[PDB]
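Included below are structure tokens for two forms of one protein chain, each presented in isolation as structure 1 and structure 2.
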Structure 1
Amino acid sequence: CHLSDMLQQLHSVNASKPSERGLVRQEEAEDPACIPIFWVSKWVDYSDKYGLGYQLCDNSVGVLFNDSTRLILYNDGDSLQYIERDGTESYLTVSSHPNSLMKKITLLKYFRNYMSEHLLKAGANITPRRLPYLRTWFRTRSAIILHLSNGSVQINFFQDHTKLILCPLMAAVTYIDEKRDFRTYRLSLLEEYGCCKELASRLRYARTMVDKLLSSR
């Protein structure tokens, strides 16, 4: 998961109370070497009938079907990775029109086309630094929480469109504000230099959400 590590990193950053300082030097916590490679740019929750479909920033698409299987289309528009209930992975292609999986491939195309003609690409202004899939997700009233197979946890806030991309490997957070401006901070440096109340409260909620992910296991 890498989730336990993220919890500890978030516990530590929140413990330092970064917004409760005389002087706050948020800019000094910025680290461009820690910019994420992957994040979810688009998603669609039709899980009550079809499943959850998503797009990653590299333009690859994925669908979590209700039978707990997953299908991903790579950004070459043809290569597929199909993950079964038991975690068995297999390679197929759209162009081969595979007997077994046409119905699921067609559903993915529906998702793909919907996201393409309806939805904004999140973090389109970010240049990034094995392809991950969506391992776990849930929605609250305030946000959607997206746990990727590379350890990343993404949190999209509904009301103001602000977003957090948390990486436990870099021990880093990327924050996208309401004006689509993005920064990448090393968490240990946020402990040292501090941050605004806006980022601080979102990191507090993030910890609750990681606690939730870990407790739902």
Structure 2
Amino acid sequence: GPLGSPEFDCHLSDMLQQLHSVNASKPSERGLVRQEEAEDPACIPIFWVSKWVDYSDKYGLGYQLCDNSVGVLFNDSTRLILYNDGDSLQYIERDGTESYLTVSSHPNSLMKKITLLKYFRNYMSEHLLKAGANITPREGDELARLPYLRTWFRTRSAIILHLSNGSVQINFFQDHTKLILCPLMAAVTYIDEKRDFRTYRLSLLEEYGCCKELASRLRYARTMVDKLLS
């Protein structure tokens, strides 16, 4: 009978394909690298993770998005997000099912999770610096679908954050450099040690090249995306 439109989510696959292509072009091995030619400021992301707390020993991973909304991915594989109005909540279970509630009007079974989210929110506000504070996100964030944290992991050197909109963010611990990868735009935003930022179209990095600093981080990114797909 009728089919409808089953979700065949290709975003991670597309990201791998894009990274494989850019890396195979050996972008830092050029007679003259012309990195600026690959800039595309219009591809600036709408959302990224601005703060995070790994309390997975007890509760889960709490995070803030750049629009000031907060979320928690709990240890039971459920998600709770509080919008930037500070009142409205979205609850996402293990199967991806979404429901809506508020801090004052909610199912009793979610009381603990709401209390914990508030603890995460307050902790991040009191203690943590907002990443990309100098970045104005792409216009229309209120009109876009607010993403949640699908997957995350930490390596020795980085945290890898996979958002439901297909974006993958990699924050490097030692030097505070960060990558925001979007497979829809086929773009990467690089935040350097000085907090200066640039957005590049990956296909243009293939054509024009880039510095060793970015090229090496894109090789690492490919490895991380492979891990997400594994």
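So that the term is clear: the rigid core is the largest set of C-alpha atoms that superpose within 1.5 Å between two forms. Just so we're on the same page, residue numbers count up from 1 along structure 1's sequence.
Comparing the forms between structures 1 and 2 on their rigid core, the Cα displacement of residue 97 reaches 2 Å or more.
Taking the core as reference, the Cα of residue 84 moves 1.7 angstrom between structures 1 and 2.
Core superposition places the Cα of residue 179 0.3 Å apart between structures 1 and 2.
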